[PDB]
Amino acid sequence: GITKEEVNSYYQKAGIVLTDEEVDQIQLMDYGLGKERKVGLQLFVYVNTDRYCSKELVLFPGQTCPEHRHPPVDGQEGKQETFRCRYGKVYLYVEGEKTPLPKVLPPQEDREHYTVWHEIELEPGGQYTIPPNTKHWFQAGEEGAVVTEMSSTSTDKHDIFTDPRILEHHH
């Protein structure tokens, strides 16, 4: 199974230093789907204030983060988040015109729970800003990925997942 130490090995690939205490604060998400290396996300929250947040994400090789959106909370538009690939490769899919031939697909057994198909390919240095309240999902290439998130305040509990099988306590 996935461990926090294994996630930290990817931070180290990217040259990103966490203290021992911080490694213990890494979050492992499997979304209750029982297939963590295929569908899951791992992250470390640097900071989350009433105005801004940053996280360092790790995806293992071929791992997919399932489709979700960040809805308005407290009268704003929803979380806007900027994703910057630090290591590896990530295929990000966002609302927009469907890419006719995508480079990767979500897991076949869950595919009906993915609805957006506009492809953004990110290698290290690549960056993209996902607009508030828009559906998105992403999958790492065969070396995995480390991705920085820079955003407005995060409230994971309000995130809305396309797959109805994914519950609030899963985020």
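Start at 1 and count along the sequence shown; that's the residue number.
Greater mean Cα temperature factor according to the PDB record, 57-65 or 26-34
In the deposited entry, the stretch with the higher C-alpha B-factor mean is 26-34.
Can you tell me which stretch has the higher mean Cα B-factor, 70-78 or 90-98?
Comparing 90-98 with 70-78, the higher mean C-alpha B-factor belongs to 70-78.
Given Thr162, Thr19, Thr148, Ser152, the residue at which the Cα B factor reaches its maximum:
If I rank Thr162, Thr19, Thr148, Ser152 by C-alpha B-factor, first place goes to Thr19.
Peak C-alpha temperature factor (PDB record), options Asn48, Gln42, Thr115, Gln139:
Top of the list by C-alpha B-factor: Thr115.
If you rank every modelled residue in this chain by C-alpha B factor, which third holds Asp110: lowest, middle or highest?
According to the entry, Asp110 has a C-alpha B-factor in the chain's lowest third.
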